[PDB]
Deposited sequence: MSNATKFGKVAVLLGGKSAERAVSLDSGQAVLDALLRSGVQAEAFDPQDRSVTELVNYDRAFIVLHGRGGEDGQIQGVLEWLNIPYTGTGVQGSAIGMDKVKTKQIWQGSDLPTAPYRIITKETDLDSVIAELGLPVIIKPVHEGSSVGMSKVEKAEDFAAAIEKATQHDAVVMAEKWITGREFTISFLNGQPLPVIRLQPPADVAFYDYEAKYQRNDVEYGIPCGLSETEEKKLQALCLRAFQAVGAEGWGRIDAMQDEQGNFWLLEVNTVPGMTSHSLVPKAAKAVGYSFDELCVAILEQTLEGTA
């Protein structure tokens, strides 16, 4: 029985980040699903309950989005307490929360990703323009979809850099590539059917283009050290090339989120998906 198999599970939800509200929604949905499945799940909100009280549990299902939950901190405590848990470890999480460090890992593994430049007051805006070309996208390095602005002149720059400066002291200008954006979800370390972003299955890629994108994303997922489940975002350009965008090591499990979509396209109810995520902890 699932009560035996998993013992006491803590569903880690809410937390201290900007994304707390989304995390409460993921958490509730995951809790209800695990309970329907006969697992002994309990909400654990580390904003209200000391993380030392995790010692009362046999394992953790992490659905804390953003700062605290996705950046290696909560995984740090879980390692320290010797409690197994879902998703990526400390290293991968802390890399995955940083767009530039993720891309350097990707540049460093012979995987395609768009040129970029870190931009911090001191940097010269015409040395950026001449190297990258127009247009570019300005994004906060650490938010791990907020603060983004599209820059198509010298004029567009100064307003975009203060969009991102709210969310981050450190900001990257990345070369714009024209095309369509996709998300590739992961379950038990492997790629699930791709989803075009903006519904989005069918995604608009030939069987061939798709399985090639999934292979590429598998390697991106491994490179950065992600485990279990998560999403890689990618671009296809108007000449057919793929470009890796970013990694997400604790995706949404809200009723509008994309990983449930992709898991359902291959047989998983939402409750089955939740058991399968938790099975990584055995």
{"query": "Gaps in the model (deposited sequence, numbered from 1)", "finding": "1, 146, 201-220, 305-308"}
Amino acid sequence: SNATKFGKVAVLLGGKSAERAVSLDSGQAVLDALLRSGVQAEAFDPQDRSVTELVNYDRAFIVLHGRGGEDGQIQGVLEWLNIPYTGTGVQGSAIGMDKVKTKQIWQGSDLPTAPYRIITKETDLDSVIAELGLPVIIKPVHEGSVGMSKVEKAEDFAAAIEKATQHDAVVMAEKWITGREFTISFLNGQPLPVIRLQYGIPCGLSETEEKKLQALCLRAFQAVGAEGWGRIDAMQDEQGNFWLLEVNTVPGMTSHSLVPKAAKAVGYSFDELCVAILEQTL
From here on, numbers count along this sequence of modelled residues.
| property | result |
| --- | --- |
| Average Cα temperature factor in the PDB entry - higher stretch of 112-120, 163-171 | 163-171 |
| Between 150-158 and 189-197 (mean CA B-factor, as deposited), the higher | 150-158 |
| Candidate residues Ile74, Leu205, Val100, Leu125, the one whose C-alpha B factor the record puts highest | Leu125 |
| Top Cα B factor in the deposited entry, candidates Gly92, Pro84, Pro135, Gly87 | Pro135 |
| Third of the chain, ranked by Cα B-factor, where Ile184 sits | lowest |
| Lowest, middle or highest third - CA B-factor, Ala3 | highest |
| Among modelled residues of the same chain, the CA temperature factor third for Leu78 | lowest |
| Relative C-alpha B-factor of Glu70, binned into the chain's lowest, middle or highest third | middle |
| Entry-reported Cα temperature factor of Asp58, expressed as the chain third it lands in | lowest |
